[PDB]
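*Asks:* Sharing a structure, written as structure tokens. Questions coming.
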Amino acid sequence: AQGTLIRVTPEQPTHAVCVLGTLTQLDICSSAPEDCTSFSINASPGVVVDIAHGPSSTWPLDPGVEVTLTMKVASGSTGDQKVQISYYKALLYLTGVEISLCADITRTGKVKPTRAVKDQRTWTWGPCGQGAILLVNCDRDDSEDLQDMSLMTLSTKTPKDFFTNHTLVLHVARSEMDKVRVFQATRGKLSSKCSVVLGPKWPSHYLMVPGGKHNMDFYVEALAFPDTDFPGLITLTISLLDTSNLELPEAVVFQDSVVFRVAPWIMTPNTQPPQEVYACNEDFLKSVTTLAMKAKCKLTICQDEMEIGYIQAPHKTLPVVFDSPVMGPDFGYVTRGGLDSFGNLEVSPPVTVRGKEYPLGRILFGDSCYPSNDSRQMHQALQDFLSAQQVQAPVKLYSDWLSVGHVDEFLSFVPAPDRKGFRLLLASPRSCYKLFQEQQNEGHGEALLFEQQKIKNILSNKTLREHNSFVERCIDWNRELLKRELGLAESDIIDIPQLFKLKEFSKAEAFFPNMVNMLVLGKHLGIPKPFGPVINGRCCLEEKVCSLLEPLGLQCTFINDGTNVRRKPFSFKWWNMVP
Amino acid sequence: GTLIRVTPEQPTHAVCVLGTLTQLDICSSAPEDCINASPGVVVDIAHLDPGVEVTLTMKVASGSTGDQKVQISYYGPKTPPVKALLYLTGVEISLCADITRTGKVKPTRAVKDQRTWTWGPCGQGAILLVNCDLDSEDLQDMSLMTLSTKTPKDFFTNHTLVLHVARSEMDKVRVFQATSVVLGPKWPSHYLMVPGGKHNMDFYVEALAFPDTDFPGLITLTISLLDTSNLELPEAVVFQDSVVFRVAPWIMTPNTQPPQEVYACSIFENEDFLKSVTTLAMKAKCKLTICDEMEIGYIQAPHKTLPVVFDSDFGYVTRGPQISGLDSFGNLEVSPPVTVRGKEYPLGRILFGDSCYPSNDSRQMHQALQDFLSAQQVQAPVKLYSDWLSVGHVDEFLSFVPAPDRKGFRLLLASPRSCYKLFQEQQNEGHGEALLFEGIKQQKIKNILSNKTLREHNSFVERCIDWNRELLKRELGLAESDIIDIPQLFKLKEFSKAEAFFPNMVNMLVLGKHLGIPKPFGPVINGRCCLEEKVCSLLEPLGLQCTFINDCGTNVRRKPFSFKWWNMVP
């Protein structure tokens, strides 16, 4: 997007070096004779002079005669073409070269030329844009090494005398050097003695490229993830330096730039197909083995502190594990940056709220409502991390009335074949009381619960009935919040009975084991053992959830009583999103 | 939304804040399978068939608890008619500020979505001024947000109101109570005590930090209603309303703006200079003051435009270098209003100096200053090439002057080429032995014209101004007719840097149309200096009455813009 200014003088020759693809303008009113208004331009075969007037060729030399000097080919000898500016004679010698820097700019996964739209000047969000994508090395302390790196090729086409008085430099801005590492490849073999040229210690390297046709390749990799200080963009640059006289400082002629964006960390919701179970009671383990066998997923024996997300690039997609203070060749630990634990984090299935579409879902974590002395909040650094990665926007719910403080204690997402496709499950202290009252009216009012009290005591303990009220006005507030940022109607909210007992520091804890914290392996489910009244063979408590979930198509098993699950990445690719 | 669930066993109570949707759920607890409304409520339905949403709306805030009543009847042949009684209470709570950016508190009767900030010619948001500096200064610059409540007199014995700022933006906001701090850098939350009836509480707001690297500049203040009906149990939240604020950025003023006041620090040995600058003060009207690299700007809010000073009431701003030769304030310049490839920058673009590519001696501005000036999106930075100079400021070869035709401004770039043209044409018409440097080496024009070592140094310099010329042409979207080439001469010295040969003229003092210009002590031809005639014949046709001084720092404050920054769309 640069242009040169070759100011021609009619009393001495002028020599120029223009790079093809640059609007070269030959300014005339620089040393022209005071008299006359008819100069003309006698050109040469190798130069296309597209002279136009202000918005042979006997043109009036009024101020504003724009002259252009676009050419065709790369010179094989200095001064191949010539220009004459008559005055009724100015001489101009000219030589040309071809410098280019082309990475994967159209995001096709190839080495596409830099001639794409808008070249490589800015990153533009959306399905119609330009800009290459880099990966952070998910590694801890040849072909296999280069399988996870980009490839920037520098093609030089210069005559065989050009690089005795010229050179090139490759540089990265001093503010961003700690976040890029550029390897270099020798022409002997694609993988032969690769050493770093630019990195966190040397921000500018003087290349040596011999004259003539020559295309040599760099590999590029990142070193850090998006964060508060780091928006996500790196800029690499080439520069041609003229060093004709060996007694004066060098000068700049040509500067080509390429922009890169660092791939972010994306989580996987519960509504995606499974790929592997990294398991850590022997009966529970046997039940998990049966559940995996019925779901034909790979189970490995060696813990809710990590989430197996992925980093997506046009060439490769790599799983990544993030844990707050299984390996193989591809996993990596992010080291970027009760309420601050990792249980307070769930990513929602694909949703579209308020017209704007969020193809990758929305991240959900919990905090308090009014900051106070005794309020527990998520660590600010991790919040800023998960907000810096804008592919999944943060959503803040209310979890400070629970002793544990996690969010998974009262919400969960399951698949569905009809309506939207995903069903939101909310714990409800209200449906269980209605079920117990109905069972009492049906004739059973002395049942054995936790077999430990009877249904009578549970339905006549006034303190419990007053406690569940406050634990019902908070899940309702979370419900109204979830129905505003996810655009959920009243039909996609299934209620799962689960009582609470306000006893510990006036906080909330479950009465019988939670039925909302489930284990979803594709279509199949694993639900904790809800000890409850055994009314007519089957238990009443383990009947409502079955009758509420089975008609969808989902199955429900009941494990008597911490395994991580990896899920396939999204088919939608984040560089097509428009945040 | 506020879902209200009525039970057919016992009556239910509820409090509603007016202006918010209030649906009631009725299919959930209905016995079997298949509404009397009082004057104070409105009931409507739009598709006990599951999914029949029914909504309630109010007309006015209640007078006493449970005056308006809604009865839902489950009529049935098989099951005797059941009834659900819902005793509603209605209250009004509003928290409003200058959301529509006029200048009034703009009492919002639920008309605007005050919970978002959007750049645009017309939209929603509140502007907050910084406190770069209670009986005074409270009625003038601190923003006003008012809280109006209409509730029964026996209602706040049970319900309490709290006000909270997020704990990540508490060192940057301070809220005072009208006759006194309630929130600030130590107390995220305050518990207000609002009586019954009606009560308009006035809240004053101030900020404490300019937009920077970590602060995007968006403070949100929120009111919450808490139900303290019981004493053993903790309370729950029922209603939350918020107002968003944006911190006013630091804007700089370019050359073309007419002056308001001209400052100086002249003490002694100035002599003629002072007289000369004073002469300008009377010709181009200014207020001339009299008693070190500071730069003057302003901050704008719909209640006040305040002049501020950036150093390295008036106050000061210090958010940058918490320094090399390029971090001084002569390195920063502001372009007049500009248009680039369609996108219009009505307030101009900042220009700063930096090298081309990093090396062992690529002196660059401290990254704190660059990121501070890029946090203010009002005037986006443009990185020039000013490393070849010893001092390295960009004021040594470029400057803008007010033009009355075409675009409106003239960019004056130094050009070593034109001075050779002047001397060559002068010698082509005789008298080619004129003297030069008459001030205080009296080298002849012939010696300068025949020198074989100055030409290389000037050629290299001409290879550097062209690059900045092309960069400016692309970035600012200019053409050839807006660039004048003042003659100047350069000479390379030790450490291979460039310094002016005879005193520079591009660093000129612009008092409107009037121009104070330092003197090229040079040739004496025909009676008037040649370096004093090219500039005249190039500038005076614009109308600028050029004057020549014998140069000293004179900072000039210039009148703020007409185009407001909130109207911009970055």
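*Asks:* So, in the stretch A:3-28, exactly how many residues are under 23 Å from A:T158 (Cα atoms), within 11 Å of chain B (Cβ to nearest Cβ) and out of contact with any strand residue (DSSP E or B) (no Cβ under 7 Å at 6 or more places or on another chain)?
*Replies:* The qualifying residues number 1.
*Asks:* How many of the residues in the stretch A:93-112 are under 34 Å from the mean Cα position of the chain (by Cα), surrounded by fewer than 20 Cβ atoms within 10 Å (Cβ to Cβ) and farther than 19 Å from A:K573 by Cβ?
*Replies:* Matching residues across the stretch A:93-112 total 2.
*Asks:* Sort through A:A381, A:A313 and tell me the only one that's touching a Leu at 6+ places or on another chain (Cβ under 6 Å), farther than 18 Å from A:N478 by Cβ and either within 14 Å of another protein chain (Cβ to nearest Cβ) or surrounded by 16 or more Cβ atoms within 10 Å (Cβ to Cβ) (or both).
*Replies:* Values: A:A381 fails: touching a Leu at 6+ places or on another chain (Cβ under 6 Å).
Criteria check complete, one pass: A:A313.
*Asks:* Go through the residues of the stretch A:82-98 one by one and say whether even a single one is acidic (D, E) and either in contact with a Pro (Cβ under 9 Å, 6 or more places away or on another chain) or not in a loop (DSSP other than H, G, I, E, B) (or both).
*Replies:* Yes, there is a match, as at least one residue in the stretch A:82-98 is acidic (D, E) and either in contact with a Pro (Cβ under 9 Å, 6 or more places away or on another chain) or not in a loop (DSSP other than H, G, I, E, B) (or both).
*Asks:* Anything in the stretch B:161-182 that is away from every other protein chain (no Cβ under 11 Å) and assigned to a strand (DSSP E or B)? List them, or say none.
*Replies:* Those that are away from every other protein chain (no Cβ under 11 Å) and assigned to a strand (DSSP E or B): B:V173, B:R174, B:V175, B:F176, B:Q177, B:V181, B:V182.
*Asks:* So which residues in the stretch B:142-185 are β-branched (V, I, T), surrounded by 18 or more Cβ atoms within 10 Å (Cβ to Cβ) and over 17 Å from B:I93 (Cα atoms), if there are any at all?
*Replies:* B:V165, B:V173, B:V175 - these are the residues of the stretch B:142-185 that are β-branched (V, I, T), surrounded by 18 or more Cβ atoms within 10 Å (Cβ to Cβ) and over 17 Å from B:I93 (Cα atoms).
*Asks:* Output the number of the condition that B:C356 fails; it satisfies all remaining conditions of (1) hydrophobic (A, V, I, L, M, F, W, C); (2) surrounded by fewer than 20 Cβ atoms within 10 Å (Cβ to Cβ); (3) within 26 Å of A:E176 (Cβ to Cβ); (4) within 13 Å of another protein chain (Cβ to nearest Cβ).
*Replies:* Failed condition: (2).
*Asks:* Please work out if A:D229 is surrounded by fewer than 16 Cβ atoms within 10 Å (Cβ to Cβ), more than 25 Å from A:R115 (Cβ to Cβ) and within 14 Å of chain B (Cβ to nearest Cβ).
*Replies:* So A:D229 passes the test.
*Asks:* Search the stretch B:532-547 for residues that are assigned by TED's automatic domain parsing to the domain that holds B:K275 and pair each with any residue that is part of a helix (DSSP H, G or I) and aliphatic (A, V, I, L, M) when their beta-carbon atoms are under 7 Å apart and the residues are at least 6 apart or on different chains.
*Replies:* Once the first residue is assigned by TED's automatic domain parsing to the domain that holds B:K275 and sits in the stretch B:532-547, its partners that are part of a helix (DSSP H, G or I) and aliphatic (A, V, I, L, M) give B:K534/B:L422; B:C546/B:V535; B:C546/B:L539; B:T547/B:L280.
*Asks:* When you scan the stretch A:345-353, do you find a residue that is aliphatic (A, V, I, L, M), surrounded by 18 or more Cβ atoms within 10 Å (Cβ to Cβ), assigned by TED's automatic domain parsing to the domain that holds A:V407 and under 16 Å from the mean Cα position of the chain (by Cα), even just one?
*Replies:* Looking through the stretch A:345-353, at least one residue is aliphatic (A, V, I, L, M), surrounded by 18 or more Cβ atoms within 10 Å (Cβ to Cβ), assigned by TED's automatic domain parsing to the domain that holds A:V407 and under 16 Å from the mean Cα position of the chain (by Cα).
*Asks:* Still on this structure, I have one more. Consider B:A414 carefully, then state whether it is away from chain A (no Cβ under 14 Å), of a type in the set (G, A, S) and in contact with a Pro (Cβ under 6 Å, 6 or more places away or on another chain).
*Replies:* No: the conditions fail for B:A414.
*Asks:* Scan the stretch B:118-128 for residues that are closer than 17 Å to B:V205 by Cα and not in a strand (DSSP E or B) and jot them down.
*Replies:* Residue satisfying the conditions is B:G125 alone.
*Asks:* Just one of (1) surrounded by fewer than 18 Cβ atoms within 10 Å (Cβ to Cβ); (2) not in a loop (DSSP other than H, G, I, E, B) trips up A:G211, so point out which.
*Replies:* (2)
*Asks:* Shifting gears a bit: Report, by residue number, each residue of the stretch B:457-482 that is among the polar types (S, T, N, Q) and more than 28 Å from the chain's Cα centre (by Cα).
*Replies:* Hits for the stretch B:457-482 are B:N458, B:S459, B:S481.
*Asks:* Among the residues of the stretch B:401-418, is there at least one that is over 30 Å from B:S450 (Cα atoms) and among the hydroxyl-bearing types (S, T, Y)?
*Replies:* The answer is no; no qualifying residue exists.
*Asks:* Can you name every residue in the stretch A:234-252 that is within 9 Å of chain B (Cβ to nearest Cβ), surrounded by fewer than 20 Cβ atoms within 10 Å (Cβ to Cβ) and more than 36 Å from the chain's Cα centre (by Cα)?
*Replies:* Across the stretch A:234-252, the qualifying residues are A:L241, A:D242, A:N245, A:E247, A:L248, A:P249.
*Asks:* Within the stretch A:132-151, identify whether any single residue is within 46 Å of the chain's Cα centre (by Cα), within 14 Å of another protein chain (Cβ to nearest Cβ) and in a loop (DSSP other than H, G, I, E, B), and answer yes or no.
*Replies:* Checked against the condition, which is being within 46 Å of the chain's Cα centre (by Cα), within 14 Å of another protein chain (Cβ to nearest Cβ) and in a loop (DSSP other than H, G, I, E, B), the stretch A:132-151 yields no hits at all.
*Asks:* Now, a different point. Restricting the stretch B:422-448 to residues that are within 14 Å of chain A (Cβ to nearest Cβ) and within 18 Å of B:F490 (Cβ to Cβ), which is surrounded by the fewest Cβ atoms within 10 Å (Cβ to Cβ)?
*Replies:* B:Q424
*Asks:* Can you spot a residue in the stretch B:31-39 that is on the phi < 0 side of the Ramachandran plot and within 13 Å of another protein chain (Cβ to nearest Cβ)?
*Replies:* Scanning the stretch B:31-39 turns up at least one residue that is on the phi < 0 side of the Ramachandran plot and within 13 Å of another protein chain (Cβ to nearest Cβ).
*Asks:* Which of the residues that make up the stretch A:502-549 are in a loop (DSSP other than H, G, I, E, B), surrounded by 17 or more Cβ atoms within 10 Å (Cβ to Cβ) and within 14 Å of chain B (Cβ to nearest Cβ)?
*Replies:* Answer for the stretch A:502-549, where residues must be in a loop (DSSP other than H, G, I, E, B), surrounded by 17 or more Cβ atoms within 10 Å (Cβ to Cβ) and within 14 Å of chain B (Cβ to nearest Cβ): just A:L502.
One line per residue, one yes/no per condition, for (1) assigned to a loop (DSSP other than H, G, I, E, B); (2) surrounded by 20 or more Cβ atoms within 10 Å (Cβ to Cβ); (3) within 10 Å of chain B (Cβ to nearest Cβ); (4) of a type in the set (A, V, I, L, M):
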position: A:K420; (1), (2), (3), (4): yes, no, no, no
position: A:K456; (1), (2), (3), (4): no, no, no, no
position: A:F470; (1), (2), (3), (4): no, yes, yes, no
position: A:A489; (1), (2), (3), (4): yes, no, yes, yes
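*Asks:* Sort out which residues of the stretch A:272-299 are in a strand (DSSP E or B) and either surrounded by 12 or more Cβ atoms within 10 Å (Cβ to Cβ) or touching a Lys or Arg at 6+ places or on another chain (Cβ under 9 Å) (or both), and write them in order of number.
*Replies:* Of everything in the stretch A:272-299, those that are in a strand (DSSP E or B) and either surrounded by 12 or more Cβ atoms within 10 Å (Cβ to Cβ) or touching a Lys or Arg at 6+ places or on another chain (Cβ under 9 Å) (or both) turn out to be A:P274, A:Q275, A:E276, A:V277, A:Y278, A:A279, A:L299.
*Asks:* Please give the number of the condition A:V259 fails out of (1) crowded, with 19+ Cβ neighbours inside 10 Å; (2) in a loop (DSSP other than H, G, I, E, B).
*Replies:* Here A:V259 clears every test but (2).
*Asks:* Let me ask another. Could you tell me whether the stretch A:106-119 includes any residue that is of a type in the set (A, V, I, L, M, F, W, C), at positive phi and out of contact with any strand residue (DSSP E or B) (no Cβ under 8 Å at 6 or more places or on another chain)?
*Replies:* Scanning the stretch A:106-119 turns up no residue that is of a type in the set (A, V, I, L, M, F, W, C), at positive phi and out of contact with any strand residue (DSSP E or B) (no Cβ under 8 Å at 6 or more places or on another chain).
*Asks:* Kindly indicate which of A:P113, A:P63, A:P55 is part of a loop (DSSP other than H, G, I, E, B), touching a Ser or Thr at 6+ places or on another chain (Cβ under 8 Å) and within 14 Å of chain B (Cβ to nearest Cβ).
*Replies:* A:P63
*Asks:* While we're on this one: Out of A:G405, A:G338, A:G361, A:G366, report the one residue that is part of a loop (DSSP other than H, G, I, E, B), farther than 28 Å from A:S571 by Cβ and in contact with a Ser or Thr (Cβ under 7 Å, 6 or more places away or on another chain).
*Replies:* Unique residue meeting the criteria: A:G405.
All of this is worked out from the model, or read from it or from the source named; these are not laboratory values. FYI the Cβ positions are ideal-geometry reconstructions off the backbone, even for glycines, and counts take in every protein chain you see.
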